[PDB]
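Residue 106 is where the sequence shown starts when you use the authors' numbering, and the numbers rise one by one after that.
Every residue, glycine too, gets a C-beta built ideally from N, C-alpha and C.
Taking it in order: structure first as structure tokens, then the write-up.
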Amino acid sequence: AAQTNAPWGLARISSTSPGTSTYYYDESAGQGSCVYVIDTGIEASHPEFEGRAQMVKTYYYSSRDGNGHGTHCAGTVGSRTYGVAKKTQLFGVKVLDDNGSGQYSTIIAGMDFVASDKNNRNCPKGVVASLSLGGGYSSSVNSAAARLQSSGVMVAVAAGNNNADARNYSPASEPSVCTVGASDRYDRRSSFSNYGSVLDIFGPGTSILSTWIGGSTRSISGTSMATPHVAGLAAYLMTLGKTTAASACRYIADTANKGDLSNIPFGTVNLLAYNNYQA
């Protein structure tokens with residue numbers, strides 16, 4: 106299946122070259138899989154989710170995404186027009202306030218929730234978690250994402266927008282989860298994107314058009330925009346039975362466009378998430 110005039114990031118993860126506009130994907134489109142969007146919430150009422158989004162837990166007074174960041178990343182995961190896995194289930198876990206900030210105790214509690222809450226859901230194709238967030242290095246945040254990963258959840262996290270080595274940032278530095286860096290529409294590393302040995306993959310993360318709060322759209326940037334591209338891909342590749350939750354980070358790296366990225370500092374992988382769809 107094809108989506109014409111797609112967002113550049115959608116077209117990128119279906120191409121071996123930048124500059125294209127069509128997103129080529131398998132029609133199953135992540136049906137039967139779930140992606141937990143651990144963020145500021147989701148505006149599930151957005152017509153771009155078609156009722157496939159729902160809030161499952163908040164850590165604040167409302168489950169309303171009064172920020173927009175979470176609705177954006179849920180959109181990049183599985184929105185109709187701006188998403189990778191266009192048929193996936195979306196579960197919102199509001200751990201970030203409407204300012205997009207959140208304490209470590211709340212973020213860890215959110216990952217522990219998803220680890221157990223997934224046993225209440227029907228995700229036959231497997232469970233994915235997209236963690237577009239992160240602060241300074243913490244062993245407690247790192248071990249939480251490892252716990253979530255170990256429990257059978259494909260955990261994808263942002264490398265961080267500090268333009269430094271990601272080793273000093275959590276959950277980015279947790280070795281067992283998929284740390285996602287950001288590139289731009291010209292196959293360069295994003296100006297802001299973190300790097301390092303811990304990074305496992307790069308995703309489209311500069312000028313990402315996706316859903317926003319108020320039924321609108323918005324184009325923003327960040328490794329927080331690249332992470333849902335990879336989370337949606339992993340959910341897509343799991344519906345196809347191409348990989349599993351424990352392997353999906355390795356599979357996506359094994360099948361990524363190697364070497365296309367420029368300005369990748371020495372020691373960081375040079376891989377761009379790629380669904381390898383052949384009509």
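Notebook entry, point to check: When the Cα atoms are used, what is the spatial distance from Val335 to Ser329?
Noted result: 11 Å
Next item on the list: Could you tell me the distance, in whole angstroms, from the CA atom of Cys228 to the CA atom of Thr284?
Entry: 23 Å
Note to self: For the pair the segment 171–178 and the segment 189–207, tell me if three or more CB-CB distances fall below 8 Å.
What the structure shows: Contact between the segment 171–178 and the segment 189–207 is present, because at least three Cβ pairs lie under 8 Å.
Note to self: Classify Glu155: buried if its beta carbon has 16 or more other beta carbons within 10 angstroms, exposed otherwise.
What the structure shows: exposed
Note to self: Considering just the uninterrupted stretch of the alpha helix (DSSP H) at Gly137, what are its terminal residues?
What the structure shows: According to the DSSP assignment, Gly137 belongs to no alpha helix (DSSP H), since it is labelled neither H nor E.
Next item on the list: Would you be able to state if there are at least three C-beta pairs under 8 Å between the segment 363–383 and the segment 307–323?
Entry: Touching, yes.
Item checked: Residues sharing a beta bridge with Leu236, DSSP -> Under DSSP, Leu236 takes part in a beta bridge, and its partners are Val262.
Note to self: On the CB-based measure, 16 or more other CB atoms within 10 Å of its CB, does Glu279 come out buried or exposed?
What the structure shows: buried
Item checked: Among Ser133, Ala149, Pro112, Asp131, nearest to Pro123 - alpha-carbon criterion -> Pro112
Check: Does DSSP put residue 53 in a helix, in a strand, or in coil?
Finding: The chain is shown only over 106 to 384; residue 53 falls outside these bounds and no answer can be derived.
Item checked: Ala116 versus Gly180, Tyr166, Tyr187, residue with shortest Cα-Cα distance -> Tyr187
Check: Is the beta carbon of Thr316 sitting closer than 8 Å to the one on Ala190?
Finding: no
Margin query: So, with DSSP's three-state summary, where would you put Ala340?
Written below: In the structure shown, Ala340 adopts helical secondary structure according to DSSP, grouped into three states.
Notebook entry, point to check: Bridge partners of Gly231, per DSSP?
Noted result: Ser138
Item checked: Closest residue to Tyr341 among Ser321, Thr181, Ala134 (Cα-Cα distance) -> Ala134
Margin query: Within 8 Å, do at least three Cβ pairs link the segment 263–271 to the segment 292–301?
Written below: yes
Next item on the list: Return the chain-ordered list of same chain residues with a C-beta closer than 8 Å to the C-beta of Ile213, the five sequence neighbours on each side being excluded.
Entry: Once the five neighbours on either side are set aside, the close Cβ partners of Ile213 are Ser245, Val246, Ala249.
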